[PDB]
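Asks: Got data_39.csv for you, CSV, C-alpha atoms and all ligand atoms:
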chain,number,residue,atom,x,y,z
A,1,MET,CA,-2.8,22.2,-25.5
A,2,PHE,CA,-3.4,20.8,-21.9
A,3,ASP,CA,-5.3,17.7,-21.1
A,4,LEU,CA,-6.7,19.1,-17.9
A,5,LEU,CA,-6.5,22.5,-16.2
A,6,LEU,CA,-7.6,23.3,-12.7
A,7,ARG,CA,-8.2,27.0,-12.2
A,8,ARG,CA,-8.3,28.9,-8.9
A,9,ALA,CA,-7.3,25.8,-6.8
A,10,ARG,CA,-6.3,26.4,-3.3
A,11,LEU,CA,-2.9,25.1,-2.1
A,12,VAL,CA,-2.6,24.1,1.6
A,13,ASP,CA,-0.9,27.4,2.3
A,14,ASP,CA,-4.3,28.9,1.2
A,15,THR,CA,-2.9,30.6,-1.9
A,16,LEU,CA,-4.8,30.5,-5.2
A,17,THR,CA,-3.2,28.9,-8.2
A,18,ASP,CA,-3.7,27.1,-11.5
A,19,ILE,CA,-2.5,23.5,-12.2
A,20,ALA,CA,-2.0,22.2,-15.8
A,21,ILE,CA,-1.8,18.5,-16.6
A,22,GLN,CA,-0.5,17.1,-19.9
A,23,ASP,CA,0.1,13.4,-20.8
A,24,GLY,CA,-0.4,12.1,-17.3
A,25,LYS,CA,2.1,14.5,-15.8
A,26,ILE,CA,2.0,17.8,-14.0
A,27,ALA,CA,2.7,20.3,-16.7
A,28,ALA,CA,2.7,23.6,-14.9
A,29,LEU,CA,1.7,25.5,-11.7
A,30,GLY,CA,1.0,29.2,-11.3
A,31,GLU,CA,-0.9,31.7,-13.4
A,32,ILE,CA,-1.8,29.9,-16.6
A,33,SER,CA,-3.3,31.2,-19.8
A,34,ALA,CA,-2.5,28.4,-22.3
A,35,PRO,CA,-5.4,26.4,-23.7
A,36,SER,CA,-6.7,23.1,-22.3
A,37,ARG,CA,-9.1,20.4,-23.6
A,38,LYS,CA,-10.8,20.5,-20.2
A,39,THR,CA,-10.9,23.2,-17.6
A,40,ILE,CA,-12.3,23.1,-14.0
A,41,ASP,CA,-12.8,26.2,-11.9
A,42,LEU,CA,-12.5,25.2,-8.3
A,43,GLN,CA,-13.6,28.8,-7.2
A,44,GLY,CA,-11.3,28.9,-4.2
A,45,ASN,CA,-13.5,26.4,-2.5
A,46,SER,CA,-11.4,23.2,-2.6
A,47,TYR,CA,-7.8,22.4,-1.7
A,48,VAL,CA,-5.6,20.5,-4.2
A,49,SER,CA,-2.5,18.6,-3.1
A,50,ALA,CA,-0.3,16.0,-4.5
A,51,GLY,CA,-2.2,12.7,-4.6
A,52,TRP,CA,-2.4,11.3,-1.0
A,53,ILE,CA,-0.2,8.3,-0.3
A,54,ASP,CA,-1.3,5.8,2.4
A,55,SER,CA,2.0,4.0,3.4
A,56,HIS,CA,0.2,1.3,5.5
A,57,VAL,CA,-2.9,-0.5,4.2
A,58,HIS,CA,-4.1,-4.0,3.8
A,59,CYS,CA,-5.6,-4.3,0.4
A,60,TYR,CA,-5.0,-7.9,-0.6
A,61,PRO,CA,-8.5,-9.2,-1.4
A,62,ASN,CA,-7.7,-12.8,-0.6
A,63,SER,CA,-6.1,-12.2,2.8
A,64,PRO,CA,-8.2,-14.2,5.3
A,65,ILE,CA,-8.5,-11.5,8.0
A,66,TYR,CA,-7.0,-8.2,7.0
A,67,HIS,CA,-8.4,-7.8,3.4
A,68,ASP,CA,-9.7,-4.9,1.3
A,69,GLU,CA,-10.0,-3.8,-2.3
A,70,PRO,CA,-7.3,-1.4,-3.4
A,71,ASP,CA,-9.8,1.0,-4.9
A,72,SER,CA,-11.9,0.9,-1.8
A,73,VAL,CA,-8.9,2.2,0.2
A,74,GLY,CA,-7.5,4.2,-2.6
A,75,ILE,CA,-9.3,6.5,-5.1
A,76,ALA,CA,-12.7,6.0,-3.5
A,77,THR,CA,-11.2,7.9,-0.5
A,78,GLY,CA,-9.1,10.4,-2.5
A,79,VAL,CA,-5.9,8.3,-2.0
A,80,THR,CA,-3.9,7.8,-5.2
A,81,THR,CA,-1.2,5.4,-4.0
A,82,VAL,CA,-1.6,2.7,-1.3
A,83,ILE,CA,1.2,0.6,0.1
A,84,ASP,CA,0.2,-2.8,1.4
A,85,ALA,CA,2.1,-3.4,4.6
A,86,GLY,CA,3.1,-7.0,4.2
A,87,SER,CA,-0.2,-8.7,3.8
A,88,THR,CA,1.6,-11.1,1.4
A,89,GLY,CA,5.0,-12.8,1.5
A,90,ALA,CA,6.6,-14.6,-1.4
A,91,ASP,CA,3.8,-17.2,-1.3
A,92,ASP,CA,1.0,-14.9,-2.3
A,93,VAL,CA,2.7,-11.9,-3.8
A,94,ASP,CA,2.3,-13.0,-7.4
A,95,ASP,CA,-1.5,-13.4,-7.1
A,96,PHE,CA,-1.6,-10.0,-5.3
A,97,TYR,CA,0.3,-8.4,-8.2
A,98,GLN,CA,-2.0,-9.9,-10.8
A,99,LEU,CA,-5.2,-8.8,-9.0
A,100,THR,CA,-3.9,-5.3,-8.6
A,101,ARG,CA,-3.0,-4.9,-12.3
A,102,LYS,CA,-6.6,-3.7,-12.8
A,103,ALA,CA,-6.8,-1.2,-9.9
A,104,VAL,CA,-7.1,2.5,-10.7
A,105,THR,CA,-5.2,3.2,-7.5
A,106,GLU,CA,-1.4,2.9,-7.7
A,107,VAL,CA,-0.7,-0.2,-5.6
A,108,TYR,CA,2.8,-1.1,-4.2
A,109,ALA,CA,3.5,-3.7,-1.6
A,110,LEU,CA,5.9,-4.2,1.3
A,111,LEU,CA,6.8,-7.9,1.2
A,112,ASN,CA,6.4,-9.6,4.6
A,113,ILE,CA,9.7,-11.2,5.6
A,114,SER,CA,7.6,-14.4,6.4
A,115,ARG,CA,6.8,-16.4,3.2
A,116,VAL,CA,3.2,-16.9,4.4
A,117,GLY,CA,2.3,-13.3,5.0
A,118,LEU,CA,-0.8,-12.5,6.9
A,119,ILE,CA,-2.4,-15.9,6.1
A,120,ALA,CA,-1.8,-16.5,9.8
A,121,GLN,CA,-1.6,-14.1,12.7
A,122,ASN,CA,1.7,-15.7,14.0
A,123,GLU,CA,3.7,-15.5,10.7
A,124,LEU,CA,7.1,-15.1,12.5
A,125,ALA,CA,6.6,-18.0,14.9
A,126,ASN,CA,8.2,-20.4,12.6
A,127,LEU,CA,11.8,-19.4,11.5
A,128,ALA,CA,11.5,-21.6,8.5
A,129,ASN,CA,8.9,-19.2,7.0
A,130,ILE,CA,11.4,-16.3,7.3
A,131,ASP,CA,13.1,-17.4,4.1
A,132,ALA,CA,15.7,-15.2,2.5
A,133,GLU,CA,15.8,-16.9,-0.9
A,134,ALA,CA,12.0,-16.8,-1.3
A,135,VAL,CA,12.2,-13.0,-0.7
A,136,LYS,CA,15.1,-12.6,-3.1
A,137,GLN,CA,13.2,-14.4,-5.8
A,138,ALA,CA,10.0,-12.4,-5.1
A,139,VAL,CA,11.9,-9.1,-5.3
A,140,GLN,CA,13.6,-10.1,-8.5
A,141,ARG,CA,10.2,-11.1,-9.9
A,142,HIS,CA,8.4,-7.8,-9.1
A,143,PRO,CA,11.1,-5.2,-8.9
A,144,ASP,CA,8.7,-2.3,-9.2
A,145,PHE,CA,5.7,-3.6,-7.3
A,146,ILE,CA,7.6,-4.5,-4.1
A,147,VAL,CA,8.9,-1.3,-2.5
A,148,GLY,CA,10.2,-2.6,0.8
A,149,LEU,CA,9.9,-5.2,3.6
A,150,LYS,CA,7.6,-5.6,6.5
A,151,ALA,CA,8.3,-7.1,9.9
A,152,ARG,CA,5.7,-7.3,12.6
A,153,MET,CA,7.8,-7.4,15.8
A,154,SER,CA,5.5,-8.1,18.6
A,155,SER,CA,4.7,-10.9,21.0
A,156,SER,CA,1.8,-12.7,19.2
A,157,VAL,CA,3.8,-12.7,15.9
A,158,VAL,CA,7.4,-13.8,16.8
A,159,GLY,CA,6.3,-16.6,19.1
A,160,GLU,CA,9.5,-17.8,20.9
A,161,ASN,CA,11.9,-16.1,18.4
A,162,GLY,CA,12.0,-12.7,20.1
A,163,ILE,CA,14.4,-10.4,18.3
A,164,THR,CA,15.8,-12.9,15.8
A,165,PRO,CA,13.3,-12.1,12.9
A,166,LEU,CA,14.4,-8.4,12.9
A,167,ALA,CA,18.0,-9.5,12.5
A,168,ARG,CA,16.9,-11.6,9.6
A,169,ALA,CA,14.9,-8.7,8.1
A,170,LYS,CA,18.0,-6.5,8.3
A,171,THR,CA,20.0,-9.1,6.5
A,172,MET,CA,17.2,-9.4,4.0
A,173,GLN,CA,17.2,-5.7,3.5
A,174,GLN,CA,20.9,-5.8,2.7
A,175,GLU,CA,20.5,-8.5,0.1
A,176,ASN,CA,17.8,-6.6,-1.9
A,177,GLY,CA,19.3,-3.2,-2.7
A,178,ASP,CA,18.7,-1.8,0.8
A,179,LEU,CA,14.9,-1.7,0.4
A,180,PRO,CA,13.1,0.3,3.1
A,181,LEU,CA,12.0,-1.8,6.1
A,182,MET,CA,8.8,-1.2,8.0
A,183,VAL,CA,8.8,-2.5,11.6
A,184,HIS,CA,5.5,-2.9,13.5
A,185,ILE,CA,5.6,-2.4,17.3
A,186,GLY,CA,3.1,-3.1,20.0
A,187,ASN,CA,3.3,-5.8,22.7
A,188,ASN,CA,6.6,-7.1,24.2
A,189,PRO,CA,8.7,-9.3,24.0
A,190,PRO,CA,10.8,-8.2,22.2
A,191,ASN,CA,11.5,-4.9,24.0
A,192,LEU,CA,11.4,-1.5,22.2
A,193,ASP,CA,15.1,-0.9,23.1
A,194,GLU,CA,16.3,-4.1,21.3
A,195,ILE,CA,14.1,-3.4,18.3
A,196,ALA,CA,15.1,0.2,17.9
A,197,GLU,CA,18.8,-0.5,18.4
A,198,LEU,CA,18.8,-2.7,15.2
A,199,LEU,CA,17.3,0.1,13.0
A,200,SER,CA,19.0,2.8,11.0
A,201,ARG,CA,18.4,5.4,8.2
A,203,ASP,CA,13.9,2.1,8.4
A,204,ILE,CA,10.3,3.0,9.5
A,205,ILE,CA,8.6,2.2,12.8
A,206,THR,CA,4.9,2.0,12.3
A,207,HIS,CA,2.2,2.1,15.0
A,208,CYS,CA,4.4,4.9,16.4
A,209,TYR,CA,1.8,6.2,18.8
A,210,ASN,CA,0.5,2.9,20.1
A,211,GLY,CA,-0.5,2.7,23.8
A,212,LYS,CA,0.9,-0.8,24.3
A,213,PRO,CA,4.0,-1.6,26.5
A,214,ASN,CA,6.4,-1.0,23.5
A,215,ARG,CA,5.2,2.7,23.2
A,216,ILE,CA,7.8,5.3,22.4
A,217,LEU,CA,7.2,7.1,25.7
A,218,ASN,CA,8.6,5.9,29.0
A,219,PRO,CA,6.3,5.7,32.1
A,220,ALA,CA,7.5,9.2,33.1
A,221,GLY,CA,6.0,10.6,30.0
A,222,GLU,CA,9.3,11.3,28.2
A,223,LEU,CA,10.7,9.8,25.0
A,224,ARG,CA,12.6,6.6,25.3
A,225,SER,CA,16.3,7.3,24.8
A,226,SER,CA,16.4,4.4,22.3
A,227,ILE,CA,13.8,6.2,20.2
A,228,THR,CA,15.8,9.5,20.5
A,229,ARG,CA,19.0,7.8,19.2
A,230,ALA,CA,17.0,6.0,16.5
A,231,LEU,CA,15.6,9.3,15.3
A,232,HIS,CA,19.2,10.7,15.4
A,233,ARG,CA,20.3,7.9,13.1
A,234,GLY,CA,17.4,8.7,10.6
A,235,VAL,CA,14.7,6.1,11.6
A,236,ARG,CA,11.3,7.5,10.8
A,237,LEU,CA,7.9,7.2,12.6
A,238,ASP,CA,4.8,6.1,10.7
A,239,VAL,CA,1.4,6.3,12.4
A,240,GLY,CA,-0.3,3.1,11.1
A,241,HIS,CA,-3.5,3.9,13.1
A,242,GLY,CA,-5.2,0.6,12.9
A,243,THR,CA,-7.7,-1.0,15.2
A,244,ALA,CA,-5.4,-1.2,18.3
A,245,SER,CA,-2.3,0.9,17.4
A,246,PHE,CA,-3.2,4.6,18.0
A,247,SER,CA,-3.6,6.4,21.3
A,248,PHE,CA,-4.8,10.0,21.4
A,249,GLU,CA,-3.0,10.5,24.7
A,250,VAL,CA,0.3,9.0,23.5
A,251,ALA,CA,0.1,11.1,20.4
A,252,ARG,CA,-0.7,14.3,22.2
A,253,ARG,CA,2.2,13.8,24.6
A,254,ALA,CA,4.7,12.9,21.9
A,255,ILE,CA,3.6,15.9,19.8
A,256,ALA,CA,4.1,18.2,22.8
A,257,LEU,CA,7.6,16.8,23.1
A,258,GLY,CA,8.3,17.8,19.5
A,259,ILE,CA,8.0,14.3,18.2
A,260,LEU,CA,5.8,14.6,15.1
A,261,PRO,CA,5.1,11.7,12.8
A,262,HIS,CA,7.2,11.6,9.6
A,263,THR,CA,4.2,9.9,7.8
A,264,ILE,CA,0.6,9.5,8.6
A,265,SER,CA,-1.0,6.2,7.6
A,266,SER,CA,-4.2,4.3,8.4
A,267,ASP,CA,-3.4,0.6,8.8
A,268,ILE,CA,-6.8,0.3,7.1
A,269,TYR,CA,-8.6,-2.9,6.1
A,270,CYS,CA,-12.3,-3.6,5.4
A,271,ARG,CA,-13.4,-4.0,9.0
A,272,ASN,CA,-11.8,-0.9,10.5
A,273,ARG,CA,-12.8,1.1,7.4
A,274,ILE,CA,-16.5,0.1,7.6
A,275,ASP,CA,-16.8,-0.4,11.4
A,276,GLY,CA,-13.5,0.3,13.2
A,277,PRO,CA,-11.9,3.5,14.4
A,278,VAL,CA,-9.9,4.1,11.2
A,279,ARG,CA,-12.6,4.8,8.6
A,280,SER,CA,-10.3,6.6,6.1
A,281,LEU,CA,-6.9,8.2,5.8
A,282,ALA,CA,-8.8,11.5,5.7
A,283,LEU,CA,-10.2,10.9,9.2
A,284,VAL,CA,-6.8,9.8,10.6
A,285,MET,CA,-5.3,13.0,9.2
A,286,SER,CA,-8.2,14.9,10.8
A,287,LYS,CA,-7.3,13.5,14.2
A,288,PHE,CA,-3.8,14.9,13.8
A,289,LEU,CA,-5.3,18.3,12.8
A,290,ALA,CA,-7.4,18.1,16.0
A,291,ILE,CA,-4.3,17.3,18.1
A,292,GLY,CA,-2.8,20.6,16.7
A,293,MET,CA,-0.7,19.9,13.7
A,294,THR,CA,-1.1,22.4,10.8
A,295,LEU,CA,-2.7,21.4,7.5
A,296,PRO,CA,0.7,21.7,5.6
A,297,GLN,CA,2.2,19.3,8.1
A,298,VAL,CA,-0.5,16.7,7.8
A,299,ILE,CA,-0.5,17.0,4.0
A,300,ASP,CA,3.3,16.6,4.0
A,301,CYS,CA,2.9,13.5,6.1
A,302,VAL,CA,0.7,11.9,3.3
A,303,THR,CA,2.6,13.3,0.3
A,304,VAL,CA,6.2,14.4,0.1
A,305,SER,CA,7.3,12.6,3.3
A,306,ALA,CA,5.5,9.4,2.3
A,307,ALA,CA,7.0,9.4,-1.1
A,308,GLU,CA,10.5,10.1,0.2
A,309,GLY,CA,10.2,7.4,2.9
A,310,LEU,CA,9.3,4.7,0.4
A,311,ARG,CA,11.5,6.2,-2.5
A,312,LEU,CA,8.5,6.8,-4.8
A,313,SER,CA,10.5,9.0,-7.0
A,314,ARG,CA,7.7,10.6,-9.1
A,315,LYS,CA,4.9,10.6,-6.5
A,316,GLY,CA,4.1,12.9,-3.6
A,317,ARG,CA,5.1,16.3,-5.2
A,318,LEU,CA,3.1,19.0,-6.7
A,319,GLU,CA,5.8,19.9,-9.1
A,320,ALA,CA,6.1,20.1,-12.9
A,321,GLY,CA,7.1,16.9,-14.5
A,322,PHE,CA,5.9,14.6,-11.7
A,323,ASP,CA,3.0,12.2,-12.0
A,324,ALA,CA,-0.4,13.8,-12.3
A,325,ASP,CA,-1.7,12.3,-9.1
A,326,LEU,CA,-3.7,14.9,-7.2
A,327,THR,CA,-6.2,14.9,-4.3
A,328,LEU,CA,-9.1,17.5,-4.2
A,329,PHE,CA,-10.5,17.9,-0.8
A,330,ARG,CA,-12.2,20.3,1.6
A,331,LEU,CA,-11.8,21.2,5.3
A,332,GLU,CA,-15.5,21.3,6.3
A,333,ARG,CA,-16.9,22.5,9.6
A,334,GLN,CA,-18.8,19.3,10.6
A,335,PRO,CA,-18.8,18.4,14.3
A,336,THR,CA,-17.5,14.8,14.5
A,337,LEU,CA,-16.4,12.3,17.2
A,338,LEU,CA,-12.9,10.9,16.4
A,339,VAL,CA,-12.3,7.6,18.2
A,340,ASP,CA,-8.8,6.2,18.8
A,341,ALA,CA,-7.7,2.6,19.4
A,342,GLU,CA,-8.1,3.0,23.2
A,343,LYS,CA,-11.8,3.8,22.7
A,344,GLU,CA,-11.2,7.4,23.7
A,345,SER,CA,-13.4,10.0,22.0
A,346,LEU,CA,-12.4,13.5,20.8
A,347,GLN,CA,-14.8,16.1,19.5
A,348,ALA,CA,-13.5,17.9,16.4
A,349,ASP,CA,-15.1,20.8,14.6
A,350,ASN,CA,-13.4,20.3,11.2
A,351,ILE,CA,-12.7,17.2,9.1
A,352,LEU,CA,-11.0,16.6,5.8
A,353,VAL,CA,-13.5,15.6,3.1
A,354,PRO,CA,-11.9,14.1,0.0
A,355,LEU,CA,-13.9,15.3,-3.1
A,356,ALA,CA,-11.9,13.7,-6.0
A,357,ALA,CA,-8.8,11.8,-6.9
A,358,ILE,CA,-6.8,12.5,-10.0
A,359,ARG,CA,-4.8,9.5,-11.2
A,360,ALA,CA,-2.5,9.7,-14.2
A,361,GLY,CA,-4.4,12.9,-15.1
A,362,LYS,CA,-7.8,11.3,-15.0
A,363,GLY,CA,-10.4,12.5,-12.4
A,364,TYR,CA,-12.6,10.3,-10.2
A,365,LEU,CA,-15.2,11.9,-7.9
A,366,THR,CA,-15.6,10.4,-4.5
A,367,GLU,CA,-19.0,9.7,-3.0
A,368,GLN,CA,-18.9,13.1,-1.2
A,369,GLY,CA,-17.6,14.7,-4.4
A,370,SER,CA,-20.5,13.5,-6.4
A,371,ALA,CA,-22.9,14.5,-3.6
A,372,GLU,CA,-21.6,18.1,-3.4
A,373,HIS,CA,-21.5,18.2,-7.3
A,374,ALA,CA,-19.4,21.3,-7.7
A,375,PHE,CA,-17.4,19.9,-10.6
A,376,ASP,CA,-17.2,16.8,-12.8
A,377,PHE,CA,-14.6,15.2,-15.0
B,1,ZN,ZN,0.9,-4.0,12.5
B,2,ZN,ZN,-0.9,-3.4,9.4
Please re-express this file's structure in structure tokens.

Replies:
Amino acid sequence: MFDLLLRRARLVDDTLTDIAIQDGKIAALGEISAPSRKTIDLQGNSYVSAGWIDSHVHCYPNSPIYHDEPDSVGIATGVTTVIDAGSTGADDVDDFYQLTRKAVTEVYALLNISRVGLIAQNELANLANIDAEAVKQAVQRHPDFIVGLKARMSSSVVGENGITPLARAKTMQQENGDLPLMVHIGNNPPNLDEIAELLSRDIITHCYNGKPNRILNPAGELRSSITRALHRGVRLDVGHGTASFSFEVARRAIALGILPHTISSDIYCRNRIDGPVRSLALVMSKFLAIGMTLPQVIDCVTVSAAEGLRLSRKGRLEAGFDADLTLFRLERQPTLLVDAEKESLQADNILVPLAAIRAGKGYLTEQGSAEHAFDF
């Protein structure tokens, strides 16, 4: 007998289907007649996808500048897994882990290659903080919480070390079971060519920034280093953020056939409440407005995100996987979407998350409670 049954759900290809959940796992999809302890009829008026994954957040509550609560950036916005993008290094990762034990959202962390994390804005300026043994110990200590490494390779972070930290990060990668490595880009030095040459089958975030280390050359074409990196299997993550997303860069790259592998927000409390990010749903909506299809955007926050961070039981609406689901609507609601270059774009439709299902347990969002429709 099922724990939860969603009837007449709409998949992102617009087909109607039923989704049965048993013991925190997806039990079945399709036409379902077996009994359930709880049944919800979505009446064809809400999409259901695998639980959204935000591959680039800052949800360490004690981080001095880029802080947020995991559940404020997770379930409250329909997102069932968040991945902290190196807010902590080895110095603060234990406290981070202990605080996240209570979160309803599934929280994983990318470990900053610098021991001090985002305690300071120049964490790669001192090579002594880029400590391999500290990271080895941290990884051994939290083998399931830490899912990869973070290196912010830009001018204000490396100080006078240039490209040397990325080399270290690569070495560090090798020493820890070849964990995924997320590389932030923006201002130079180092140059984009030098950074991308060091990467291999690795994730470049802020992939549509309008800073000098943008993936487009001044002629409006893709940098050849980025073409070869993509050839080698390097992936692009959006990591919108406060200053890392340009509508014009993204439009041009998307016209060149260079779509993001994953969409992510680079969200923290300030750009959620005040800044141009607001939520993963709104970032996704910006990519819908640029012209990507709904299946593509949803893939960018589910199966592709789970593959890129090796989250084996997340991101897939398949029998036997974790019962993390997002229930949402594409609502006609004229809205101004603002990028990091302060450029506005009028959009007619936006994604509105209505509920997050986590381990088979439902949680309405604010909008989900307002619209009523269904309850858990
Ligand atoms: Zn960054
Ligand atoms: Zn970030």

Asks: Could you pull the residues within 8 Å of residue 352 in chain A, counting only C-alpha atoms, minus those fewer than 6 positions along the same chain, as a PDB file with C-alpha atoms, keeping the file's coordinate frame?

Replies:
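Output contents, as saved in part-v5.pdb:
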ATOM      1  CA  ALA A 282      -8.800  11.500   5.700  1.00  0.00           C
ATOM      2  CA  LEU A 283     -10.200  10.900   9.200  1.00  0.00           C
ATOM      3  CA  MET A 285      -5.300  13.000   9.200  1.00  0.00           C
ATOM      4  CA  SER A 286      -8.200  14.900  10.800  1.00  0.00           C
ATOM      5  CA  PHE A 329     -10.500  17.900  -0.800  1.00  0.00           C
ATOM      6  CA  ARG A 330     -12.200  20.300   1.600  1.00  0.00           C
ATOM      7  CA  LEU A 331     -11.800  21.200   5.300  1.00  0.00           C
ATOM      8  CA  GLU A 332     -15.500  21.300   6.300  1.00  0.00           C
TER       9      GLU A 332
END

Asks: Around ligand ZN 2 (chain B), at most 9 Å away and counting all atoms listed in the file, which residues are there? Put them as an MDAnalysis selection string, please.

Replies: chainID A and resid 56:58 66 84:87 152 184 206:207 240:242 266:269

Asks: List the residues sitting within 6 Å of (2.8, 8.1, -3.6) in the file's frame, using only C-alpha atoms, as a list in words.

Replies: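 So the residues meeting the distance criterion are residues 53, 81, 307, 312, 315 and 316 of chain A.
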
Asks: Any idea what's packed within 10 Å of range 161-173 of chain A, counting all atoms listed in the file, ignoring anything in its chain fewer than 5 positions away? Could you give it as number ranges by chain?

Replies: A: 112-114, 124-127, 130-133, 135-136, 148-155, 178-183, 188-191, 194-196, 198-200, 203

Asks: Taking all atoms listed in the file into account, name the residue in A:118, A:9, A:235, A:139 that is nearest to ligand ZN 1 (chain B).

Replies: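 Among the listed residues, the smallest separation from ligand ZN 1 (chain B) belongs to A:118.
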
Asks: If I take CA of residue 284 in chain A and CA of residue 145 in chain A, how far is one from the other in Å, to one decimal?

Replies: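 Separation of CA of residue 284 in chain A and CA of residue 145 in chain A: 25.6 Å.
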
Asks: Set the distance at 12 Å and use all atoms listed in the file: which residues neighbour residue 61 in chain A once local chain neighbours fewer than 5 positions away are removed? I'd like the list as an MDAnalysis selection string.

Replies: chainID A and resid 66:73 84 87:88 92:93 95:100 103 118:119 269:270

Asks: Can you measure CA of residue 76 in chain A to CA of residue 6 in chain A for me? One decimal in Å is fine.

Replies: 20.2 Å

Asks: Report, in Å with one decimal, the straight-line distance from CA of residue 159 in chain A to CA of residue 212 in chain A.

Replies: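 Going from CA of residue 159 in chain A over to CA of residue 212 in chain A covers 17.5 Å.
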